[PDB]
Amino acid sequence: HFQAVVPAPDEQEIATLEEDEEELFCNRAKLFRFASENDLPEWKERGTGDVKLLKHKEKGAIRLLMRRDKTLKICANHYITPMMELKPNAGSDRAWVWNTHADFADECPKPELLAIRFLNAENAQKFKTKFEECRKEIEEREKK
Amino acid sequence: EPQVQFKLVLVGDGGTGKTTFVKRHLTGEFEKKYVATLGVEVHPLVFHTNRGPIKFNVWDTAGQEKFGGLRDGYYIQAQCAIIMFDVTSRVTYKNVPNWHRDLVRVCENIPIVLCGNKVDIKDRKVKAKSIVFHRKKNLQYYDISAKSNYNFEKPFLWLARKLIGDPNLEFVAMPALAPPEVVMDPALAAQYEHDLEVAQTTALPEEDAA
Amino acid sequence: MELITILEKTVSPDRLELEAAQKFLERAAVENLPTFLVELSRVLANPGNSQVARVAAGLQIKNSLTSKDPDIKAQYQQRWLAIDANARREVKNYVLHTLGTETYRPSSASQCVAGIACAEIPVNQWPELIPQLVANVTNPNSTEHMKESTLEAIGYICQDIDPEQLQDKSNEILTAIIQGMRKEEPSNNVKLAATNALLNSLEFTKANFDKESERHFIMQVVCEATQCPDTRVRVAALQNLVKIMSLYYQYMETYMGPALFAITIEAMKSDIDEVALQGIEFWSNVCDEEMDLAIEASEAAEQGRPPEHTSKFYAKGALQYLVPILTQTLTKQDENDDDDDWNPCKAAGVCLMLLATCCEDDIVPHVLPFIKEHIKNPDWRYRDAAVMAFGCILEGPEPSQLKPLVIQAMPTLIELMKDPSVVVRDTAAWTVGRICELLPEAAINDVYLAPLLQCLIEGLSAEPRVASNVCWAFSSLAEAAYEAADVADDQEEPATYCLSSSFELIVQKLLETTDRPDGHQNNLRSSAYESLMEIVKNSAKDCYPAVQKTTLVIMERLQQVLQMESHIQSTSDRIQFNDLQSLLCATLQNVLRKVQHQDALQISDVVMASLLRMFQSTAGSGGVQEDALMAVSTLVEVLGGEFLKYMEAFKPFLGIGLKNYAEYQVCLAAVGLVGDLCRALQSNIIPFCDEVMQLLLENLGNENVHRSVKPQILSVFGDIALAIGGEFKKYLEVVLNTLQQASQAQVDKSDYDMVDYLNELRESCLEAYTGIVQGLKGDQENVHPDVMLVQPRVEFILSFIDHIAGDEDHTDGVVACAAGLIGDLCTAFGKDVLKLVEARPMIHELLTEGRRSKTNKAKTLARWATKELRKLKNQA
Ligand SMILES: Nc1nc2c(ncn2[C@@H]2O[C@H](COP(=O)(O)OP(=O)(O)OP(=O)(O)O)[C@@H](O)[C@H]2O)c(=O)[nH]1
Ligand SMILES: [Mg+2]
């Protein structure tokens, strides 16, 4: 039908807040979240889209910033810490499992058990290599 | 500016697929369990466009006769509507005129989107050539499926274009705030280690479209 | 009381407040209905209350009186009619005096009026209602809201009530509606309400439309409201015209010429989108009605009677003026527009396709000049419209009339495939796909085949939307080339065909298309696989090396491809026509069953290795394993060229795959797999026969799990006993057959939806008995101890199938085969078969119903049993 009315606002300025940060990586992936609150264990989906490894310009903090396709809503947003180590899943060469203590996808910190999956083993290996490089860099920074 | 709110009423028959569409849009997940809703559930959704944020208050109602609660008492001061029907059952489509009639008798001149869910099931019973209600009533029709995320954002985009008025409107990327840095007690760390072990033991569900 | 606060809490988004209000209202309704209704009506009628409270009260009253369930509605009506007369009178008086006092456009008191009227009018309990509404409408001093509310109430009453209740007062209703709908009304809101009320009450006025003096007035008022300077009234009147055409097609011949034609044509040219949409919908609906009438006339001609209704062919007479307007509206586009948006441009294409399918060859000359003129226009909109119209007119006209046109226009389409506009390229790809699908004999020969193939191969690297249609075109083109007369030879396979020169490049490019970083969009990747399976299925005996290489590289992906088997759902690539369903389904089965040529056991090795690797990577359980299991059956099937001697890989994994008993469909499919696999080689099933027997017996004896598994498991028991058996004696079948015949057939041997299981189980049991006897007969003399010759079998069978004597349910066909096999085995077994003759004669009855289906499958086996009995008597 039609309801074109006054609440139509201006154009403003669109800022994704991904500025001041260098994109070290970008790949298409699928995310899963481990449902540990509904008594029995279960794995829930979380999104599908482009996962990036953004490095801050001067603070040198690497973060994971996956977004959803066609809606552009964040389904993962957390830093990377030295303890975070990617583990292989149960008999899968293209999936990794890890754990975080403060995920900000819903703008409220929640501990999460995440599992990311890629299209093939090459992309998974590239992501794991870059993740290890970022973790080692963070560890070296915090050591000094 | 309360980030421009609107009231959306989601109506349809029993199976259809409401509360799965809304749940997929809320957290992102597919519910395989059918638990009929009692009365209504109100869920807020937010989208970002080139004009700013737009907020819907989805009133997911109950399509069961015995669980209706306040049947039409929910469609009051509503500003947009979605009528959902399942394409694998013709009865869900035969009742679209009745839902439209109940909507129009309480609300005047509001945007209404007709959605046909469960497209991915195959062996579809409501062929695309038999869907003519939108032609008769000048409605916007979409083929969606909450399982495959096919066209699953189109109804909200169309309603957003119609409600403020901008036939060229797009979903811009949601701003990404800086996540906080906190620490946890070592006992909770060991508990998380055990949970990580039991999770890594578990096997991910088998899907596609990565 | 504070009923007002409870009503005003029904719009709160909070869950607790909504639940509290609902509970309060339900409790109040249960405690005392009459006082509750009186209080609600008192709340509604007070102008001092807010809009929320008044609408909520009206909705409560309405919901107390009607429901979507017919039975609950009848119960509510009877409940209302049983209330005390004084309370009902107070409620009706309070409700009827609210009309005209609500200052908001959709009224709530009208719904209450309609709900009460639909209950009281059939028993004449409210005889002063209709005169009051008519007086309200026709009074010159009635305000705007009074007329609007009364018109809404009249429309609701005529829409909801039974059509045969107000037949004696329909004329006053029509007069009031027309009075509100006339031209001199000061307010457009009243005109809109009157038009909507007439729209609601078009089925109710069926008796009035049979009188000319009333039909003329209705049509005049509608055709005069179509000219209102208000858009909403115009759209409502056009909707009225569409519905009138739907309902009263037979009476429109008088008004089609002088009145309707000009109005609809001028509507289709309007700048306003709603008006243009309704104008186009008018003629789309006309096409629908005339297609229905054509179907009816064809059915009547086949039957041999004159049609009950005869069409008048309005679209065939309006084509000359319809086509240019549609083709002009096809140019109303934009650079950044959505394909599925339902604007006039979208509707014009649907209408044009409808006109093509409805008029056949009469639309080609009316659309050719536009195509031939604007196919090279400097403005991309007109080129896009030209190719779109060319694609739309492709379905319905004779192919022989379209072949010269497509042959002439092929070079321009190939050129437009590289158009500098995205929209033009997309539409051109769609049109080329439609040409390849609908017109096979056109785009395979001869002078433009090579540039067409080159442009298709180049476009396989285009945007996914274009590439999906390119894959569709490739699949349809290969199908056409294999089907065409270009395929020579009588060896059931062509030596060569038109695509032999470019076969390798085509399959290589498709394989490269599969590995694209964006293959998820428009299910492009999926489409590629489908195309990659058609071309290898439709090939010639000079590109076999490419076929084998492609099959080898495909079968390594079997796990992913099976995971994508259900992930097609059409809706892209292969549009319209869809056969055999699903990505793999039988398509993978058929390509795997056809690709087998020149032994090529490497394909079998790869597929079985992939299957076992997937099974091992499952690591227990696995719902998707079903898709694998049937595939294994499809690779045994009738594939004895290289698959009657499997015996190498799935033998140790048979029980492991069968181990998943939690699933039921998987269980029955695995039972069928065992049934078709036992009769393959009968060598390595011996080690697993006892294991599967005991395991499935344990599963069936407790889970129950009886309707589905039991017939199939007993049938495969017989099937395995056909060749392998002897150490299981006969107790296993005896106990189950005794239980089933004593319990499942002697209780409720009746009905229609239950006899199927019974007769199928009986047939399976008789087949299993014959198989057991034949396998234990040793096939030479007896080769068995023969202790179970007639004592446990002949005695039991006469008391086992005797339950059919109770009702003699229609078991057509295979029961004759069962009788024949029973007779043959009993005759060839021993001497005590005579006791079966001493039993009940229901077998004769079992023959009679069996003889219902002619004499091919009925009398042949009965005659075989009879002649076996005669031979036994001669031996006797
Ligand atoms: N295969 C498939 N199933 C779906 C899809 N969407 C929903 N379903 C199934 O349909 C069921 C819908 O149940 P609900 O979520 O309660 O839908 P509902 O219409 O709100 O049901 P009521 O509120 O009781 O009327 C779900 O349990 C799913 O199993 C779909 O896209 N594909
Ligand atoms: Mg629900």
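Quick note on labels: first sequence line is chain A, next is B, and so on, each numbered from 1. Atom set for the values below is all heavy atoms of this structure, side chains included, hydrogens, waters and symmetry mates excluded. Whatever order the structure lists ligands and atoms in, that order sets their numbers, starting from 1.
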Please determine if [X] and [Y] form a salt bridge, counting it only when a charged side-chain N lies under 4.0 Å from a carboxylate O.
X: B:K154; Y: C:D338; answer: yes
X: B:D72; Y: C:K62; answer: yes
X: C:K68; Y: B:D102; answer: yes
X: C:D14; Y: C:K9; answer: no
X: A:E45; Y: B:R24; answer: yes
X: B:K94; Y: B:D86; answer: no
X: A:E37; Y: A:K110; answer: no
X: B:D143; Y: B:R124; answer: yes
X: C:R15; Y: C:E19; answer: yes
X: B:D13; Y: B:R90; answer: no

Short N/O distance, under 3.5 Å, between [X] and ligand 1?
X: B:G14; value: yes
X: B:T20; value: yes
X: B:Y34; value: yes

Which residue owns the protein heavy atom closest to [atom], what's the atom, and how far is it?
atom: atom 19 (O) of ligand 1; value: B:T16 OG1, 2.5 Å
atom: atom 28 (C) of ligand 1; value: B:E31 O, 3.6 Å
atom: atom 8 (N) of ligand 1; value: B:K118 CE, 3.6 Å
atom: atom 29 (O) of ligand 1; value: B:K32 O, 3.5 Å
atom: atom 17 (O) of ligand 1; value: B:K18 O, 2.7 Å

Ligand-residue contact atoms, ligand 1 with [X], heavy atoms, under 4.0 Å:
X: B:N117; answer: 31 (O)
X: B:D120; answer: 1 (N), 31 (O), 32 (N)
X: B:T37; answer: 23 (O), 24 (O)
X: B:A36; answer: 24 (O)
X: B:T19; answer: 15 (O), 20 (O)
X: B:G63; answer: 25 (O)

Side chain, backbone, both or neither: which applies to [X] and ligand 1 if a contact is any heavy-atom pair less than 4.0 Å apart?
X: B:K33; result: backbone
X: B:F30; result: side chain
X: B:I121; result: side chain
X: B:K23; result: neither
X: B:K147; result: both

message: Can you confirm whether the side chains of B:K18 and B:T16 place a donor and an acceptor under 3.5 Å from each other?
response: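 Yes, a side-chain donor-acceptor pair sits under 3.5 Å.
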message: In the complex you have, is atom 11 (C) of ligand 1 within reach of the protein, judged by whether a heavy-atom distance drops under 4.0 Å?
response: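 Within 4.0 Å: no protein heavy atom nearby.
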- prompt: Can a non-hydrogen atom of B:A146 be found less than 4.0 Å from any atom of ligand 1?
  reply: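 It does, in that a heavy atom of B:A146 comes within the 4.0 Å cut-off of ligand 1.
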message: In this structure, does ligand 1 have an atom that sits under 4.0 Å from one of the heavy atoms of B:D13?
response: yes
task: Give the ring-plane orientation class for B:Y93 versus B:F85, where under 30° counts as parallel, over 60° as perpendicular and anything between as tilted.
output: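 Judged by the thresholds at 30° and 60°, the geometry between B:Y93 and B:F85 is tilted.
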field: Among A:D69, A:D50, A:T48, side chain to side chain donor-acceptor pair (under 3.5 Å) partner for A:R28
entry: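 Of the listed options, the one satisfying the test is A:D69.
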